[PDB]
Amino acid sequence: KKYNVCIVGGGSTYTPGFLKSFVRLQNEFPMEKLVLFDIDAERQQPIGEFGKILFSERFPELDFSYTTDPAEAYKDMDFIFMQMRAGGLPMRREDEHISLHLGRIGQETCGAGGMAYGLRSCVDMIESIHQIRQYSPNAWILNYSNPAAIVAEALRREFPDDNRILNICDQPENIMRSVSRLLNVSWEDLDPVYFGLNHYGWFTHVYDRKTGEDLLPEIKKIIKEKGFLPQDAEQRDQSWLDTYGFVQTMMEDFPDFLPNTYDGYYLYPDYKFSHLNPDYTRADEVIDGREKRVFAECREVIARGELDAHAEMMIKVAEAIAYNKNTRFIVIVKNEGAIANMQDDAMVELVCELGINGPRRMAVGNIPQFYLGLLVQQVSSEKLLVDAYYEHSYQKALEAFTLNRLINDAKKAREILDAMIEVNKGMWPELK
Ligand SMILES: NC(=O)c1ccc[n+]([C@@H]2O[C@H](COP(=O)([O-])OP(=O)(O)OC[C@H]3O[C@@H](n4cnc5c(N)ncnc54)[C@H](O)[C@@H]3O)[C@@H](O)[C@H]2O)c1
Ligand SMILES: O=P(O)(O)OC[C@H]1O[C@H](O)[C@H](O)[C@@H](O)[C@@H]1O
Ligand SMILES: [Mn+2]
């Protein structure tokens, strides 16, 4: 048996990493057809022409194509890999610049910039899934598209009976990968216990696979004396090294659990804002860094005619689904008791077994009071935001902005929200 796969967002900077991963895991994940879909034909073209060269060299049998036609992309598909960026990096720049220029953190998925990106994603994600369901109702939809917490909440309401949609994030695994470098072990030999929302969580235990010993006490010891580095620290930009290195401070103020690196924004908004350049942001770093290198690569290959971890995890998720492996991943799922003292309809992030029938979440119980206050505040802000999407309510958006920890003020919320409405004119829902 071989599988038909479609990548939504074929013009993404991560797509070449997917095409090379499909070649490497060719024996683990047998494919018969691959289609790159995108709404930007010119941005997707050099990536698709690079793939034709690559596939000819290393995957001749595979039938590869790139298109901007939904019918060609979504017909008779087994898996849909979604990695769109609603508004693209130019709008990510506006998310970061305007927030920082107005005295709050500007970030891709957290704060005012994340909720602005969330409103754009709600519109485009719901529109895209409806198209997909028009052609292949039973295809497994694996979504990377951000902001994941907001997208999952909106998709929960729009498709309540759809059981083949899974939102995932690679941050929990990247922390496990960083821990494996800390401990000089294979990251596949770590068994975590994790709870929280997307980009807002903590590891309560880090067990060794073979022996079951809690490695978390030793993890904090090496962090205090040596620090915390990403597993690919040699290739990472300086901003990522600072984000990972900041966990040393976080673990000294809050020593119980190993934190998701995104916790630093919510626990240290003053420090994080103080060290962010308002005129040269992370979106500019990506434009000058990853976007430039990847597109230049591809154009080098097209001109000549001849010729990782992020793309591999989604493929491994597809493998666990297609072959009913029931292996453990940290994915986003509906709560309904898994976190016992939070509401049923919250989209939370937990360890789950993954098979043909979807994620099988494991109960965590009642979380401590300190973390309950943090997560309920955030999940309420997210649910109020998609409330504004469904109700066309400016008032719901204002309450979502005010409640959020990275804004925290009603007058600042209205000031930022009004600025966001103007630049997001044709990409947001109406807010009246
Ligand atoms: N969940 C995670 O942990 C995780 C990790 C890494 C990246 N991501 C996400 O992957 C995405 C790719 O990021 P990037 O830096 O490559 O962005 P990018 O701008 O390079 O790629 C986005 C692509 O999606 C396309 N697109 C935009 N709107 C679309 C729509 N409505 N329909 C179809 N295609 C559309 C664009 O044409 C563009 O080619 C981002 O959304 C990012 O948040 C998620
Ligand atoms: O800032 P970038 O290099 O685009 O990467 C940002 C990405 O990194 C993190 O690991 C998160 O898992 C993603 O959700 C986020 O989008
Ligand atoms: Mn993520």
# chains A, B, ... in the order shown; residues from 1 in each chain; ligands from 1

$ residues_around --residues "residue 326 (chain A)" --least-positions-apart "5" --cutoff "12 Å" --atoms "only C-alpha atoms" --output "VMD selection string"
chain A and resid 316 to 321 351 to 361

$ residues_around --residues "region 265-274 of chain A" --least-positions-apart "4" --cutoff "9 Å" --atoms "only C-alpha atoms" --output "list in words"
residues 100, 103, 104, 105, 106, 110, 111, 200, 250, 261, 374, 405 and 406 of chain A

$ write_last_selection --atoms "N, CA and C atoms" --output "PDB file, in the first residue's frame"
ATOM      1  N   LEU A 100       5.212  45.971  19.371  1.00  0.00           N
ATOM      2  CA  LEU A 100       6.385  46.517  20.044  1.00  0.00           C
ATOM      3  C   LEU A 100       6.386  48.039  20.016  1.00  0.00           C
ATOM      4  N   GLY A 103       4.279  49.257  22.922  1.00  0.00           N
ATOM      5  CA  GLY A 103       4.657  48.952  24.287  1.00  0.00           C
ATOM      6  C   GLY A 103       4.293  47.576  24.794  1.00  0.00           C
ATOM      7  N   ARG A 104       4.092  46.600  23.912  1.00  0.00           N
ATOM      8  CA  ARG A 104       3.820  45.232  24.328  1.00  0.00           C
ATOM      9  C   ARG A 104       4.653  44.279  23.484  1.00  0.00           C
ATOM     10  N   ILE A 105       4.757  43.035  23.959  1.00  0.00           N
ATOM     11  CA  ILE A 105       5.552  42.033  23.260  1.00  0.00           C
ATOM     12  C   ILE A 105       4.960  41.778  21.883  1.00  0.00           C
ATOM     13  N   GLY A 106       5.822  41.761  20.869  1.00  0.00           N
ATOM     14  CA  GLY A 106       5.421  41.376  19.532  1.00  0.00           C
ATOM     15  C   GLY A 106       5.986  40.021  19.164  1.00  0.00           C
ATOM     16  N   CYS A 110       2.172  34.521  20.332  1.00  0.00           N
ATOM     17  CA  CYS A 110       1.830  34.930  21.686  1.00  0.00           C
ATOM     18  C   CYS A 110       1.595  36.431  21.736  1.00  0.00           C
ATOM     19  N   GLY A 111       0.585  36.836  22.504  1.00  0.00           N
ATOM     20  CA  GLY A 111       0.312  38.249  22.684  1.00  0.00           C
ATOM     21  C   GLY A 111      -0.581  38.816  21.593  1.00  0.00           C
ATOM     22  N   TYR A 200       2.558  26.781  25.859  1.00  0.00           N
ATOM     23  CA  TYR A 200       2.223  27.137  27.232  1.00  0.00           C
ATOM     24  C   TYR A 200       2.089  25.866  28.064  1.00  0.00           C
ATOM     25  N   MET A 250      14.369  30.524  34.408  1.00  0.00           N
ATOM     26  CA  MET A 250      13.015  30.070  34.700  1.00  0.00           C
ATOM     27  C   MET A 250      12.997  28.908  35.689  1.00  0.00           C
ATOM     28  N   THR A 261       9.591  26.549  26.335  1.00  0.00           N
ATOM     29  CA  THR A 261      10.353  27.789  26.207  1.00  0.00           C
ATOM     30  C   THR A 261       9.460  28.998  25.963  1.00  0.00           C
ATOM     31  N   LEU A 374      -2.861  30.295  35.389  1.00  0.00           N
ATOM     32  CA  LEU A 374      -2.218  30.740  34.157  1.00  0.00           C
ATOM     33  C   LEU A 374      -2.956  30.219  32.929  1.00  0.00           C
ATOM     34  N   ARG A 405      -2.475  37.892  29.026  1.00  0.00           N
ATOM     35  CA  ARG A 405      -1.422  38.249  29.969  1.00  0.00           C
ATOM     36  C   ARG A 405      -0.410  39.214  29.365  1.00  0.00           C
ATOM     37  N   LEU A 406      -0.178  39.135  28.058  1.00  0.00           N
ATOM     38  CA  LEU A 406       0.833  39.955  27.405  1.00  0.00           C
ATOM     39  C   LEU A 406       0.310  41.318  26.968  1.00  0.00           C
TER      40      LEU A 406
END

$ residues_around --residues "residue 280 (chain A)" --least-positions-apart "6" --cutoff "12 Å" --atoms "only C-alpha atoms" --output "list in words"
residues 93, 94, 96, 97, 98, 100, 101, 106, 239, 286, 287 and 288 of chain A

$ residues_near_ligand --ligand "ligand 2" --cutoff "8 Å" --atoms "only C-alpha atoms and all ligand atoms" --output "ChimeraX atom specification"
/A:108-109,144-148,169-172,174,199,240,282-283,286,290

$ write_last_selection --atoms "N, CA, C and O atoms" --output "mmCIF file, in the first residue's frame"
data_model
loop_
_atom_site.group_PDB
_atom_site.id
_atom_site.type_symbol
_atom_site.label_atom_id
_atom_site.label_comp_id
_atom_site.auth_asym_id
_atom_site.auth_seq_id
_atom_site.Cartn_x
_atom_site.Cartn_y
_atom_site.Cartn_z
ATOM 1 N N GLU A 108 5.078 35.900 17.165
ATOM 2 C CA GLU A 108 4.322 35.230 16.110
ATOM 3 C C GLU A 108 3.013 34.650 16.635
ATOM 4 O O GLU A 108 1.953 34.833 16.025
ATOM 5 N N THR A 109 3.064 33.937 17.762
ATOM 6 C CA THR A 109 1.901 33.219 18.263
ATOM 7 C C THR A 109 1.436 33.654 19.645
ATOM 8 O O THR A 109 0.379 33.190 20.091
ATOM 9 N N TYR A 144 0.153 22.007 10.914
ATOM 10 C CA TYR A 144 1.206 22.682 11.623
ATOM 11 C C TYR A 144 0.854 24.164 11.733
ATOM 12 O O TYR A 144 1.425 24.872 12.530
ATOM 13 N N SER A 145 -0.096 24.622 10.925
ATOM 14 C CA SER A 145 -0.336 26.050 10.757
ATOM 15 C C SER A 145 -0.703 26.744 12.060
ATOM 16 O O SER A 145 -1.586 26.311 12.773
ATOM 17 N N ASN A 146 -0.029 27.854 12.326
ATOM 18 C CA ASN A 146 -0.183 28.610 13.564
ATOM 19 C C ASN A 146 -1.182 29.771 13.457
ATOM 20 O O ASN A 146 -1.532 30.134 12.351
ATOM 21 N N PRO A 147 -1.626 30.310 14.583
ATOM 22 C CA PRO A 147 -1.253 29.819 15.911
ATOM 23 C C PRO A 147 -2.095 28.624 16.312
ATOM 24 O O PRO A 147 -3.305 28.708 16.309
ATOM 25 N N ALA A 148 -1.440 27.531 16.655
ATOM 26 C CA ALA A 148 -2.090 26.247 16.797
ATOM 27 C C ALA A 148 -3.200 26.232 17.839
ATOM 28 O O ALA A 148 -4.223 25.612 17.634
ATOM 29 N N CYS A 169 2.451 20.461 17.302
ATOM 30 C CA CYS A 169 3.520 21.435 17.465
ATOM 31 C C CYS A 169 4.809 20.700 17.789
ATOM 32 O O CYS A 169 4.791 19.706 18.521
ATOM 33 N N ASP A 170 5.925 21.197 17.255
ATOM 34 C CA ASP A 170 7.208 20.530 17.425
ATOM 35 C C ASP A 170 8.007 21.059 18.609
ATOM 36 O O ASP A 170 9.122 20.584 18.841
ATOM 37 N N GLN A 171 7.458 22.009 19.373
ATOM 38 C CA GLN A 171 8.200 22.550 20.510
ATOM 39 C C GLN A 171 8.398 21.521 21.618
ATOM 40 O O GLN A 171 9.525 21.420 22.135
ATOM 41 N N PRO A 172 7.387 20.744 22.036
ATOM 42 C CA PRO A 172 7.649 19.734 23.078
ATOM 43 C C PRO A 172 8.719 18.724 22.695
ATOM 44 O O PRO A 172 9.523 18.335 23.552
ATOM 45 N N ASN A 174 11.210 19.289 20.524
ATOM 46 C CA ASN A 174 12.481 20.003 20.460
ATOM 47 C C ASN A 174 13.090 20.186 21.843
ATOM 48 O O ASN A 174 14.318 20.219 21.981
ATOM 49 N N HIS A 199 2.245 26.047 23.209
ATOM 50 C CA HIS A 199 3.183 27.121 23.539
ATOM 51 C C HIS A 199 2.916 27.675 24.937
ATOM 52 O O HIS A 199 3.037 28.877 25.185
ATOM 53 N N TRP A 240 17.108 32.476 19.117
ATOM 54 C CA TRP A 240 16.697 31.164 19.607
ATOM 55 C C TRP A 240 17.620 30.673 20.714
ATOM 56 O O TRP A 240 17.173 29.999 21.650
ATOM 57 N N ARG A 282 11.779 39.387 14.623
ATOM 58 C CA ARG A 282 12.065 38.008 14.237
ATOM 59 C C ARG A 282 11.603 37.723 12.814
ATOM 60 O O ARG A 282 12.248 36.957 12.086
ATOM 61 N N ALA A 283 10.488 38.329 12.397
ATOM 62 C CA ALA A 283 10.038 38.173 11.018
ATOM 63 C C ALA A 283 11.081 38.697 10.040
ATOM 64 O O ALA A 283 11.275 38.125 8.961
ATOM 65 N N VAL A 286 13.828 36.062 9.894
ATOM 66 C CA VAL A 286 13.460 34.955 9.019
ATOM 67 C C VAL A 286 13.566 35.373 7.561
ATOM 68 O O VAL A 286 14.066 34.614 6.721
ATOM 69 N N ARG A 290 16.220 32.307 7.069
ATOM 70 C CA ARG A 290 15.741 31.031 6.543
ATOM 71 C C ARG A 290 15.117 31.201 5.163
ATOM 72 O O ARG A 290 15.367 30.403 4.254
#

$ residues_around --residues "residue 163 (chain A)" --least-positions-apart "4" --cutoff "12 Å" --atoms "only C-alpha atoms" --output "PyMOL selection string"
chain A and resi 137-142+155-156+159+167+333-334+356-359

$ residues_around --residues "region 296-302 of chain A" --least-positions-apart "6" --cutoff "9 Å" --atoms "only C-alpha atoms" --output "MDAnalysis selection string"
chainID A and resid 16 46:47 49:51 53:54

$ write_last_selection --atoms "N, CA, C and O atoms" --output "PDB file, in the first residue's frame"
ATOM      1  N   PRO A  16      10.896  22.612   1.121  1.00  0.00           N
ATOM      2  CA  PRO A  16      12.077  21.849   0.676  1.00  0.00           C
ATOM      3  C   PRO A  16      12.568  20.850   1.709  1.00  0.00           C
ATOM      4  O   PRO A  16      13.010  19.754   1.342  1.00  0.00           O
ATOM      5  N   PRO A  46       9.469  28.051  -7.719  1.00  0.00           N
ATOM      6  CA  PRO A  46      10.857  27.582  -7.568  1.00  0.00           C
ATOM      7  C   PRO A  46      10.994  26.406  -6.620  1.00  0.00           C
ATOM      8  O   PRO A  46      11.936  25.616  -6.756  1.00  0.00           O
ATOM      9  N   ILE A  47      10.080  26.262  -5.660  1.00  0.00           N
ATOM     10  CA  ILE A  47      10.114  25.100  -4.778  1.00  0.00           C
ATOM     11  C   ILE A  47       9.657  23.854  -5.527  1.00  0.00           C
ATOM     12  O   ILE A  47      10.226  22.769  -5.360  1.00  0.00           O
ATOM     13  N   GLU A  49       9.815  23.345  -8.854  1.00  0.00           N
ATOM     14  CA  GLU A  49      10.827  22.978  -9.839  1.00  0.00           C
ATOM     15  C   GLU A  49      12.036  22.328  -9.180  1.00  0.00           C
ATOM     16  O   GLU A  49      12.664  21.445  -9.774  1.00  0.00           O
ATOM     17  N   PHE A  50      12.377  22.749  -7.960  1.00  0.00           N
ATOM     18  CA  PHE A  50      13.426  22.067  -7.211  1.00  0.00           C
ATOM     19  C   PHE A  50      13.016  20.638  -6.879  1.00  0.00           C
ATOM     20  O   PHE A  50      13.842  19.719  -6.929  1.00  0.00           O
ATOM     21  N   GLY A  51      11.742  20.434  -6.539  1.00  0.00           N
ATOM     22  CA  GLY A  51      11.279  19.096  -6.217  1.00  0.00           C
ATOM     23  C   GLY A  51      11.319  18.159  -7.409  1.00  0.00           C
ATOM     24  O   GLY A  51      11.644  16.977  -7.268  1.00  0.00           O
ATOM     25  N   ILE A  53      13.423  18.220  -9.884  1.00  0.00           N
ATOM     26  CA  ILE A  53      14.804  17.805 -10.026  1.00  0.00           C
ATOM     27  C   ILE A  53      15.186  16.787  -8.967  1.00  0.00           C
ATOM     28  O   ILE A  53      15.811  15.780  -9.263  1.00  0.00           O
ATOM     29  N   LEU A  54      14.796  17.055  -7.730  1.00  0.00           N
ATOM     30  CA  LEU A  54      15.157  16.183  -6.624  1.00  0.00           C
ATOM     31  C   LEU A  54      14.535  14.809  -6.753  1.00  0.00           C
ATOM     32  O   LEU A  54      15.189  13.800  -6.572  1.00  0.00           O
TER      33      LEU A  54
END

$ select_by_dssp --residues "region 39-210 of chain A" --states "strand (DSSP E)" --output "VMD selection string"
chain A and resid 63 to 67 79 to 82 140 to 143 165 to 168 190 to 197 200 to 208

$ write_last_selection --atoms "N, CA and C atoms" --output "mmCIF file, in the first residue's frame"
data_model
loop_
_atom_site.group_PDB
_atom_site.id
_atom_site.type_symbol
_atom_site.label_atom_id
_atom_site.label_comp_id
_atom_site.auth_asym_id
_atom_site.auth_seq_id
_atom_site.Cartn_x
_atom_site.Cartn_y
_atom_site.Cartn_z
ATOM 1 N N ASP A 63 4.920 10.305 -8.129
ATOM 2 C CA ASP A 63 4.311 11.233 -9.063
ATOM 3 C C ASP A 63 4.096 12.539 -8.318
ATOM 4 N N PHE A 64 4.828 13.533 -8.802
ATOM 5 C CA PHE A 64 4.933 14.801 -8.094
ATOM 6 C C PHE A 64 4.349 15.922 -8.942
ATOM 7 N N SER A 65 3.664 16.855 -8.286
ATOM 8 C CA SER A 65 3.089 18.003 -8.973
ATOM 9 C C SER A 65 2.868 19.119 -7.964
ATOM 10 N N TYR A 66 2.808 20.346 -8.476
ATOM 11 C CA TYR A 66 2.451 21.510 -7.681
ATOM 12 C C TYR A 66 1.398 22.310 -8.433
ATOM 13 N N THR A 67 0.432 22.851 -7.693
ATOM 14 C CA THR A 67 -0.718 23.486 -8.314
ATOM 15 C C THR A 67 -1.302 24.536 -7.382
ATOM 16 N N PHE A 79 -3.529 11.831 3.090
ATOM 17 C CA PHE A 79 -2.999 12.730 4.103
ATOM 18 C C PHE A 79 -2.872 14.131 3.526
ATOM 19 N N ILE A 80 -3.221 15.127 4.337
ATOM 20 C CA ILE A 80 -3.053 16.533 3.989
ATOM 21 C C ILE A 80 -2.135 17.160 5.028
ATOM 22 N N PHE A 81 -0.964 17.614 4.588
ATOM 23 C CA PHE A 81 -0.009 18.305 5.448
ATOM 24 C C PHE A 81 -0.234 19.805 5.281
ATOM 25 N N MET A 82 -0.711 20.457 6.335
ATOM 26 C CA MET A 82 -1.017 21.883 6.262
ATOM 27 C C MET A 82 0.033 22.732 6.973
ATOM 28 N N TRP A 140 -6.790 12.235 6.372
ATOM 29 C CA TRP A 140 -6.258 12.695 7.648
ATOM 30 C C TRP A 140 -5.575 14.042 7.448
ATOM 31 N N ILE A 141 -6.027 15.052 8.182
ATOM 32 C CA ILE A 141 -5.502 16.406 8.069
ATOM 33 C C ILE A 141 -4.561 16.643 9.242
ATOM 34 N N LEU A 142 -3.266 16.725 8.951
ATOM 35 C CA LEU A 142 -2.245 17.036 9.944
ATOM 36 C C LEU A 142 -1.829 18.489 9.758
ATOM 37 N N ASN A 143 -2.035 19.305 10.788
ATOM 38 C CA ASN A 143 -1.903 20.752 10.675
ATOM 39 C C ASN A 143 -0.736 21.253 11.516
ATOM 40 N N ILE A 165 -8.891 15.380 12.060
ATOM 41 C CA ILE A 165 -8.129 16.622 12.083
ATOM 42 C C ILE A 165 -7.260 16.613 13.332
ATOM 43 N N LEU A 166 -5.955 16.805 13.152
ATOM 44 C CA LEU A 166 -5.007 16.794 14.260
ATOM 45 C C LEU A 166 -4.073 17.988 14.137
ATOM 46 N N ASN A 167 -4.034 18.817 15.176
ATOM 47 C CA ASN A 167 -3.101 19.933 15.265
ATOM 48 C C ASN A 167 -1.918 19.521 16.132
ATOM 49 N N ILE A 168 -0.702 19.802 15.654
ATOM 50 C CA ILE A 168 0.518 19.394 16.336
ATOM 51 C C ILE A 168 1.503 20.557 16.371
ATOM 52 N N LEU A 190 13.387 8.973 25.885
ATOM 53 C CA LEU A 190 12.828 9.802 26.943
ATOM 54 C C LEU A 190 11.310 9.701 26.914
ATOM 55 N N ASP A 191 10.711 9.435 28.075
ATOM 56 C CA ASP A 191 9.261 9.330 28.200
ATOM 57 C C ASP A 191 8.740 10.486 29.041
ATOM 58 N N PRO A 192 8.180 11.527 28.435
ATOM 59 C CA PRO A 192 7.743 12.695 29.200
ATOM 60 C C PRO A 192 6.306 12.582 29.693
ATOM 61 N N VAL A 193 6.034 13.327 30.761
ATOM 62 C CA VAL A 193 4.680 13.601 31.230
ATOM 63 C C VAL A 193 4.478 15.105 31.124
ATOM 64 N N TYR A 194 3.496 15.517 30.325
ATOM 65 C CA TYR A 194 3.376 16.903 29.897
ATOM 66 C C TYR A 194 1.920 17.340 29.960
ATOM 67 N N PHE A 195 1.714 18.616 30.280
ATOM 68 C CA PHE A 195 0.385 19.209 30.265
ATOM 69 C C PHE A 195 0.505 20.685 29.921
ATOM 70 N N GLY A 196 -0.577 21.241 29.393
ATOM 71 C CA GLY A 196 -0.671 22.654 29.118
ATOM 72 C C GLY A 196 -1.367 22.902 27.799
ATOM 73 N N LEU A 197 -1.416 24.173 27.417
ATOM 74 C CA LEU A 197 -1.873 24.566 26.095
ATOM 75 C C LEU A 197 -0.681 24.639 25.146
ATOM 76 N N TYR A 200 2.558 26.781 25.859
ATOM 77 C CA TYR A 200 2.223 27.137 27.232
ATOM 78 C C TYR A 200 2.089 25.866 28.064
ATOM 79 N N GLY A 201 3.211 25.236 28.406
ATOM 80 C CA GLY A 201 3.144 23.956 29.088
ATOM 81 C C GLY A 201 4.378 23.675 29.915
ATOM 82 N N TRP A 202 4.321 22.552 30.629
ATOM 83 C CA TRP A 202 5.385 22.139 31.530
ATOM 84 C C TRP A 202 5.528 20.625 31.492
ATOM 85 N N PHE A 203 6.765 20.161 31.651
ATOM 86 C CA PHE A 203 7.060 18.743 31.801
ATOM 87 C C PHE A 203 7.171 18.429 33.287
ATOM 88 N N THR A 204 6.263 17.591 33.789
ATOM 89 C CA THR A 204 6.286 17.206 35.193
ATOM 90 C C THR A 204 7.202 16.022 35.469
ATOM 91 N N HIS A 205 7.469 15.188 34.467
ATOM 92 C CA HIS A 205 8.396 14.076 34.604
ATOM 93 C C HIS A 205 9.082 13.840 33.268
ATOM 94 N N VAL A 206 10.327 13.370 33.332
ATOM 95 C CA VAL A 206 11.091 12.973 32.148
ATOM 96 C C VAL A 206 11.708 11.618 32.481
ATOM 97 N N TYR A 207 11.026 10.543 32.100
ATOM 98 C CA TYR A 207 11.430 9.196 32.476
ATOM 99 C C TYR A 207 12.353 8.585 31.431
ATOM 100 N N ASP A 208 13.343 7.832 31.904
ATOM 101 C CA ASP A 208 14.154 7.016 31.014
ATOM 102 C C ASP A 208 13.322 5.853 30.488
#

$ atom_distance --atom1 "atom 38 (C, counted along the ligand's line) of ligand 1" --atom2 "CA of residue 73 (chain A)"
15.6 Å

$ residues_around --residues "region 19-24 of chain A" --least-positions-apart "6" --cutoff "7 Å" --atoms "only C-alpha atoms" --output "ChimeraX atom specification"
/A:51,58-59,308,311-312

$ write_last_selection --atoms "N, CA and C atoms" --output "short mmCIF file (atom, residue, chain, number, x, y, z; two decimals), in the first residue's frame"
data_model
loop_
_atom_site.label_atom_id
_atom_site.label_comp_id
_atom_site.auth_asym_id
_atom_site.auth_seq_id
_atom_site.Cartn_x
_atom_site.Cartn_y
_atom_site.Cartn_z
N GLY A 51 11.74 20.43 -6.54
CA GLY A 51 11.28 19.10 -6.22
C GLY A 51 11.32 18.16 -7.41
N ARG A 58 16.21 11.16 -7.04
CA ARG A 58 16.09 10.21 -5.93
C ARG A 58 14.75 9.50 -5.75
N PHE A 59 13.69 9.97 -6.40
CA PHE A 59 12.39 9.33 -6.29
C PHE A 59 11.68 9.27 -7.64
N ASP A 308 14.71 19.22 8.50
CA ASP A 308 14.97 17.84 8.91
C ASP A 308 14.03 17.43 10.04
N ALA A 311 10.29 18.55 9.58
CA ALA A 311 9.51 17.79 8.62
C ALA A 311 9.38 16.33 9.02
N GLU A 312 10.37 15.78 9.73
CA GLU A 312 10.34 14.37 10.06
C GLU A 312 9.24 14.05 11.06
#

$ closest_atom_pairs --of "chain A" --to "ligand 1" --cutoff "6 Å" --atoms "only C-alpha atoms and all ligand atoms" --output "CSV"
residue,atom,partner,partner_atom_place_in_ligand_line,distance
A:8,CA,ligand 1,33 (C),5.7
A:9,CA,ligand 1,24 (O),3.8
A:10,CA,ligand 1,39 (O),5.8
A:11,CA,ligand 1,39 (O),3.3
A:12,CA,ligand 1,21 (O),3.2
A:13,CA,ligand 1,16 (O),4.0
A:14,CA,ligand 1,16 (O),5.0
A:38,CA,ligand 1,34 (N),4.2
A:39,CA,ligand 1,33 (C),4.8
A:40,CA,ligand 1,37 (O),4.5
A:43,CA,ligand 1,39 (O),5.9
A:83,CA,ligand 1,11 (C),4.3
A:84,CA,ligand 1,24 (O),3.4
A:85,CA,ligand 1,41 (O),3.8
A:86,CA,ligand 1,28 (N),4.0
A:87,CA,ligand 1,28 (N),5.9
A:88,CA,ligand 1,19 (O),4.1
A:89,CA,ligand 1,19 (O),4.9
A:124,CA,ligand 1,31 (N),4.6
A:144,CA,ligand 1,1 (N),4.0
A:145,CA,ligand 1,41 (O),4.2
A:146,CA,ligand 1,43 (O),4.1
A:148,CA,ligand 1,1 (N),5.9
A:168,CA,ligand 1,1 (N),5.6
A:169,CA,ligand 1,3 (O),3.3
A:170,CA,ligand 1,3 (O),4.3
A:171,CA,ligand 1,3 (O),5.7

$ select_by_dssp --residues "region 152-326 of chain A" --states "helix (DSSP H, G or I)" --output "VMD selection string"
chain A and resid 152 to 158 171 to 183 187 to 189 216 to 226 238 to 245 247 to 253 263 to 267 269 to 274 282 to 288 290 to 304 309 to 322

$ closest_residue --among "A:338, A:176, A:185, A:332" --to "ligand 3" --atoms "only C-alpha atoms and all ligand atoms"
A:332

$ residues_around --residues "region 379-384 of chain A" --least-positions-apart "3" --cutoff "6 Å" --atoms "only C-alpha atoms" --output "NGL selection string"
:A and (150 or 375-376 or 387 or 396 or 400 or 403-404)

$ write_last_selection --atoms "N, CA, C and O atoms" --output "PDB file, in the first residue's frame"
ATOM      1  N   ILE A 150      -5.180  28.658  18.813  1.00  0.00           N
ATOM      2  CA  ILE A 150      -6.367  29.366  18.340  1.00  0.00           C
ATOM      3  C   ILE A 150      -7.021  28.605  17.193  1.00  0.00           C
ATOM      4  O   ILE A 150      -8.253  28.522  17.109  1.00  0.00           O
ATOM      5  N   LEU A 375      -3.310  28.931  32.929  1.00  0.00           N
ATOM      6  CA  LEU A 375      -3.874  28.321  31.729  1.00  0.00           C
ATOM      7  C   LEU A 375      -5.326  28.733  31.517  1.00  0.00           C
ATOM      8  O   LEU A 375      -5.757  28.930  30.375  1.00  0.00           O
ATOM      9  N   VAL A 376      -6.099  28.863  32.598  1.00  0.00           N
ATOM     10  CA  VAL A 376      -7.492  29.279  32.455  1.00  0.00           C
ATOM     11  C   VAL A 376      -7.570  30.709  31.935  1.00  0.00           C
ATOM     12  O   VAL A 376      -8.457  31.047  31.142  1.00  0.00           O
ATOM     13  N   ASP A 387     -14.573  33.680  19.592  1.00  0.00           N
ATOM     14  CA  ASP A 387     -15.919  34.213  19.768  1.00  0.00           C
ATOM     15  C   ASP A 387     -16.132  35.436  18.887  1.00  0.00           C
ATOM     16  O   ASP A 387     -17.182  35.579  18.249  1.00  0.00           O
ATOM     17  N   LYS A 396     -16.040  41.251  21.808  1.00  0.00           N
ATOM     18  CA  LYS A 396     -15.375  40.002  22.167  1.00  0.00           C
ATOM     19  C   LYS A 396     -13.871  40.097  21.944  1.00  0.00           C
ATOM     20  O   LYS A 396     -13.085  39.577  22.744  1.00  0.00           O
ATOM     21  N   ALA A 400     -10.900  39.753  24.754  1.00  0.00           N
ATOM     22  CA  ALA A 400      -9.805  38.808  24.557  1.00  0.00           C
ATOM     23  C   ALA A 400      -8.454  39.501  24.672  1.00  0.00           C
ATOM     24  O   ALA A 400      -7.525  38.965  25.288  1.00  0.00           O
ATOM     25  N   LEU A 403      -7.932  40.598  28.504  1.00  0.00           N
ATOM     26  CA  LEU A 403      -7.680  39.502  29.433  1.00  0.00           C
ATOM     27  C   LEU A 403      -6.287  38.911  29.257  1.00  0.00           C
ATOM     28  O   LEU A 403      -5.688  38.446  30.234  1.00  0.00           O
ATOM     29  N   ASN A 404      -5.756  38.927  28.034  1.00  0.00           N
ATOM     30  CA  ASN A 404      -4.499  38.249  27.746  1.00  0.00           C
ATOM     31  C   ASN A 404      -3.367  38.794  28.611  1.00  0.00           C
ATOM     32  O   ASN A 404      -3.295  39.994  28.893  1.00  0.00           O
TER      33      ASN A 404
END

$ closest_residue --among "A:295, A:342, A:162, A:262" --to "residue 371 (chain A)" --atoms "only C-alpha atoms"
A:342
